[PDB]
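Engineer: Here's a structure for you.
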Amino acid sequence: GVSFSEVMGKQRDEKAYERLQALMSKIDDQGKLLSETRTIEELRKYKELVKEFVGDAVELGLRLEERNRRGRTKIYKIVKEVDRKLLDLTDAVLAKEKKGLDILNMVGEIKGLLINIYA
């Protein structure tokens, strides 16, 4: 006896999740590329993807809260830690010596924070 707008909402959440999964695939590939190349050009592309994910994941996260709950506080705290990490990554890429495995770790941390944004 399920209502239409209930189903529509669930499908909306599902598609948004799927878009996030597709973006995370790109993010994984670019984070790997950046770990290998270690150029500001690859950093630029990485952070433009990550920044796009954050936007879409917060939007999904806040809607899912209104279906149960972790809190806006938590979601925002994760976003703030992502920002912190991104700036620390920029630094590590800009610094003179530059190790691919440490860079890999840094992006794997970010991804760990990223997937926790929405739920």
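For the sequence shown, the numbering used here assigns the number 1 to the initial residue and increments by one for each residue that follows.
By construction, the Cβ of each residue, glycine as well, lies at the ideal position given by its N, Cα and C atoms.
What is the DSSP secondary structure of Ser5, counted as helix, strand or coil?
Structural biologist: helix
Engineer: Give me the Cβ distance between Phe53 and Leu23, rounded to the nearest whole Å; I'm assuming they're in contact under 8 Å.
Structural biologist: 5 Å
Engineer: Return the CA-CA distance between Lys74 and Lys96, expressed in angstroms with no decimal places.
Structural biologist: 35 Å
Engineer: Measure from the alpha carbon of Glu81 to the alpha carbon of each residue in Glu109, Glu36 and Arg19, then state which is nearest.
Structural biologist: Of the listed residues, the one whose Cα sits closest to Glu81 is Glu109.
Engineer: With 16 as the cutoff for other CB atoms within 10 Å, does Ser35 come out buried or exposed?
Structural biologist: With 16 or more other CB atoms across the displayed protein chains lying within 10 angstroms of its CB, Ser35 is buried.
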